[PDB]
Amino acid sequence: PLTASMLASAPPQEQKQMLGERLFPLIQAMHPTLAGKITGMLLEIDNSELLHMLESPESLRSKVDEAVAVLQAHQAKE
């Protein structure tokens, strides 16, 4: 498992990579093609919050939905 202590022992860039690699397959189950963009969006969040999202599907889904809304708005402006 990825515990708070395990995460905390890693350098900052590695922490983001570790969180990303764990988040990606969970997000990919919900969004087979958009998972990479959504994961990249979520990775700017606090590491502690990202850890919680790994344990709570509801918390992850909520943030994933927010990310999709943001992406749709961004694509409209770009």
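Position 1 is the first residue in the sequence shown; the rest follow in order. Definition used throughout: the rigid core is the maximal C-alpha set that superposes within 1.5 Å between two forms.
Note on 54 to 62 and 7 to 15: with rigid core alignment, C-alpha atoms in 6 other deposited structures of this protein sit farther from this form for 7 to 15. Annotation: of the segments 65 to 73 and 20 to 28, 65 to 73 departs further from this form in 6 other deposited structures of this protein (C-alpha atoms, root mean square over structures and residues, core superposition). For the pair 12 to 20 and 63 to 71, the mean Cα B-factor is higher in 63 to 71.
Across the two stretches, 49 to 57 and 27 to 35, the PDB entry reports the greater mean Cα temperature factor for 49 to 57.
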